[PDB]
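Values reported hereafter were calculated over all heavy atoms of this structure, with side chains retained and with hydrogens, waters and symmetry mates removed. First listed ligand is number 1; within each ligand, the first listed atom is number 1. Quick note: residue numbers are just sequence positions, from 1.
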Amino acid sequence: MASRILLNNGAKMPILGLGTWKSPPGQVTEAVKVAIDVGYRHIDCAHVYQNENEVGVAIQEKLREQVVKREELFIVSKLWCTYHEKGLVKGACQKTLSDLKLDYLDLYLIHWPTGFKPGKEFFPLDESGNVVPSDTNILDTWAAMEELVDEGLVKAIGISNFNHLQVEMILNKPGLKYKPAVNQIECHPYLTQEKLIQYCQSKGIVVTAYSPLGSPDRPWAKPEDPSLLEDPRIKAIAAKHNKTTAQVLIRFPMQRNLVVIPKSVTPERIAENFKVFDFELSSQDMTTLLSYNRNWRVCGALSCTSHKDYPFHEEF
Ligand SMILES: NC(=O)c1ccc[n+]([C@@H]2O[C@H](COP(=O)([O-])OP(=O)(O)OC[C@H]3O[C@@H](n4cnc5c(N)ncnc54)[C@H](OP(=O)(O)O)[C@@H]3O)[C@@H](O)[C@H]2O)c1
């Protein structure tokens with residue numbers, strides 16, 4: 001298992017990164033510092049997470065300490081839904097760059113295909129509780145992302161939470177200048193994503209798997225929800241390999257040629273989660289884990305189900 005995957009912009013991306021959604025601002029600086037110290041070279045960020053300044057403190061301190069060089073890091077962020085307008089994209093990117101203490105991003109993603117009305121609120125509501133859309137179509141947002149490449153602010157651009165028809169719309173865009181490098185989607189044994197993964201891979205788009213552990217700290221968790229980390233069937237595979245359940249859940253997407261971004265703010269778990277390059281799941285293990293699919297989503301964007309670009313009505 002090599003540590004990096006080649007993107008269609010010619011750059012290499014580390015297949016293991018550190019997630020930062022829900023990482024508290026008072027803990028994420030140390031989390032990122034520890035991650036870099038124990039070998040992580042890829043950090044997954046977003047403006048909507050409200051902690052990029054604190055992530056950036058860690059990155060800058062490790063660059064200053066010469067623990068790593070900037071060229072060895074792969075920093076990802078995402079354009080939030082209230083910035084899909086062409087006149088807002090550059091400023092949104094530049095705010096993320098300023099907060100992260102960077103001159104460029106390695107990868108910048110459209111966070112969701114759904115654009116929302118600009119303003120201070122990340123989920124602007126009408127008086128009846130619906131999210132207020134933007135009129136800007138995703139192809140125009142894509143053109144604005146392409147401009148960021150041509151201005152030197154980002155090395156690669158991509159998408160997140162796009163269904164296969166939405167990926168295809170980007171690939172079929174009149175005058176397309178840069179293909180998406182990555183589609184970042186939820187993926188784990190309860191949401192295995194065979195169809196969308198094969199489509200993206202067949203087009204040279206690398207897939208990143210988010211919520212690989214089933215996001216046990218998601219805000220809307222209910223006790224009756226299925227739990228990957230507690231599933232006896234997955235625990236049994238881990239025991240057979242003398243690894244933790246989390247380590248199996250991280251290795252699983254790696255063996256599907258995916259990038260994976262487990263989140264932790266716990267130093268011991270950050271280190272544990274990186275120790276996944278020294279064992280192999282068998283083909284039988286892989287097929288067994290795939291068999292657990294139940295189309296269960298951590299992130300359903302449940303307030304956006306009437307948005308014209310809501311991604312999860314389509315089968316895939
Ligand atoms: N593009 C998108 O729309 C999108 C959506 C969701 C997620 N993401 C990205 O993907 C990342 C990962 O997804 P996620 O944050 O939803 O969840 P996740 O990585 O599946 O799970 C994180 C949870 O697992 C715990 N954990 C981590 N390592 C563990 C271990 N070895 N043993 C036991 N528990 C462990 C963490 O606890 P502690 O932190 O307390 O250790 C935290 O509660 C996000 O942080 C974000 O960067 C992107």
Novice: Between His47 and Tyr83, what is the ring plane arrangement, given parallel below 30°, perpendicular above 60°, and tilted in between?
Specialist: perpendicular
Novice: Without swapping roles, check the side chain of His188 against the backbone of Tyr190 for a donor-acceptor pair under 3.5 Å.
Specialist: yes
Novice: In terms of atom number and element, which parts of ligand 1 are under 4.0 angstrom from non-hydrogen atoms of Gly19?
Specialist: 11 (C), 45 (O), 47 (O)
Novice: I'd like to know if the side chain of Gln193 and the backbone of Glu186 have a donor-acceptor N/O pair within less than 3.5 Å.
Specialist: yes
Novice: For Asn273, is the nearest heavy atom under 4.0 Å from an atom of ligand 1?
Specialist: yes
Novice: Counting only heavy atoms not in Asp103 (residues, nucleotides, ligands), do more than 12 fall under 6.0 Å from its CG?
Specialist: no
Novice: N/O of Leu213 under 3.5 Å from N/O of ligand 1, yes or no?
Specialist: yes
Novice: Hydrogens and angles aside, do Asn161 and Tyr210 bring a side-chain donor and acceptor to less than 3.5 Å of each other?
Specialist: yes
Novice: Between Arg269 and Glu272, does at least one N-O distance fall below 4.0 Å, as a salt bridge requires?
Specialist: no
Novice: Taking ring-ring contact (aromatic ring centres under 6.0 Å, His included) as the test, write out the residues that go with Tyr108, two or more places apart.
Specialist: none
Novice: Can you find an N or O of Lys78 that's nearer than 3.5 Å to an N or O of ligand 1?
Specialist: no
Novice: Which atoms from ligand 1 have a heavy atom of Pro262 less than 4.0 Å away?
Specialist: 19 (O)
Novice: At a 4.0 Å threshold, what atoms of ligand 1 neighbour a non-hydrogen atom of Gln184?
Specialist: 1 (N), 2 (C), 4 (C), 8 (N), 9 (C), 48 (C)
Novice: Would you mind finding which of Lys275, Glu272, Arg269 brings a heavy atom closest to atom 37 (O) of ligand 1?
Specialist: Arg269
Novice: Just checking, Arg4 and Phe74: is the charged tip under 6.0 Å from the six-membered ring centre and within 45° of the axis?
Specialist: no
Novice: Applying the 4.5 Å side-chain criterion to the ILVMFWY set and letting contacts propagate, would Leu171 and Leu139 be lumped into a single cluster?
Specialist: yes
Novice: Answer with side chain, backbone, both or neither: which part of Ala246 has a heavy atom less than 4.0 angstrom from an atom of ligand 1?
Specialist: side chain
Novice: Which label fits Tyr310 and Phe312: parallel for a plane angle under 30°, tilted from 30 to 60°, or perpendicular past 60°?
Specialist: perpendicular
Novice: Does the N or O separation between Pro216 and ligand 1 drop below 3.5 Å for any pair?
Specialist: no
Novice: Measuring from atom 43 (O) of ligand 1, which candidate in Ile261, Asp217, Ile43 has the nearest non-hydrogen atom?
Specialist: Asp217
Novice: Salt bridge check, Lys117 against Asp135: does any charged N sit closer than 4.0 Å to a carboxylate O?
Specialist: no
Novice: Show me which atoms of ligand 1 lie under 4.0 Å from any heavy atom of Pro212.
Specialist: 19 (O), 20 (O)
Novice: Could you tell me whether ligand 1 has any atom less than 4.0 Å away from a heavy atom of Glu186?
Specialist: no
Novice: Please identify which atoms of ligand 1 are closer than 4.0 Å to at least one heavy atom of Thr266.
Specialist: 38 (P), 40 (O), 41 (O)
Novice: Going by the order shown, which atoms of ligand 1 are within less than 4.0 Å of some heavy atom of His111?
Specialist: 1 (N), 2 (C), 3 (O)
Novice: Just heavy atoms, cut-off under 4.0 Å: does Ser23 contact ligand 1 by side chain, backbone, both, or neither?
Specialist: neither
Novice: Under 4.0 Å, heavy-atom basis, I'd like to know which part of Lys263 is in contact with ligand 1: side chain, backbone, both or neither.
Specialist: both
Novice: List for me each residue that meets ring-ring contact (aromatic ring centres under 6.0 Å, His included) alongside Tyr178, sequence neighbours excluded, and say none if there are none.
Specialist: none
Novice: Of the side chain and backbone of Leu109, name the one, both, or neither that has a heavy atom under 4.0 Å from an atom of ligand 1.
Specialist: neither
Novice: May I ask you to identify, for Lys22, whether its side chain, its backbone, both or neither come under 4.0 Å of ligand 1 on a heavy-atom basis?
Specialist: side chain
Novice: Answer side chain, backbone, both or neither: which part of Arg218 comes under 4.0 Å from ligand 1, heavy atoms only.
Specialist: neither
Novice: In terms of side-chain heavy atoms, does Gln184 have a donor or acceptor partner in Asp44 at a distance below 3.5 Å?
Specialist: yes
Novice: For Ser264, counting its heavy atoms only, list the atoms of ligand 1 lying under 4.0 Å from any of them.
Specialist: 27 (C), 38 (P), 39 (O), 41 (O)
Novice: Check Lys90 with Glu151, please: is the shortest side-chain N to carboxylate O separation under 4.0 Å?
Specialist: yes
Novice: Near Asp44, which atoms of ligand 1 are under 4.0 Å from a heavy atom of that residue?
Specialist: 9 (C), 46 (C), 47 (O)
Novice: Between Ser160 and ligand 1, which residue portion shows a heavy-atom distance shorter than 4.0 Å: side chain, backbone, both, or neither?
Specialist: side chain
Novice: Return yes when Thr244 approaches ligand 1 closer than 4.0 angstrom through a heavy atom, no otherwise.
Specialist: no
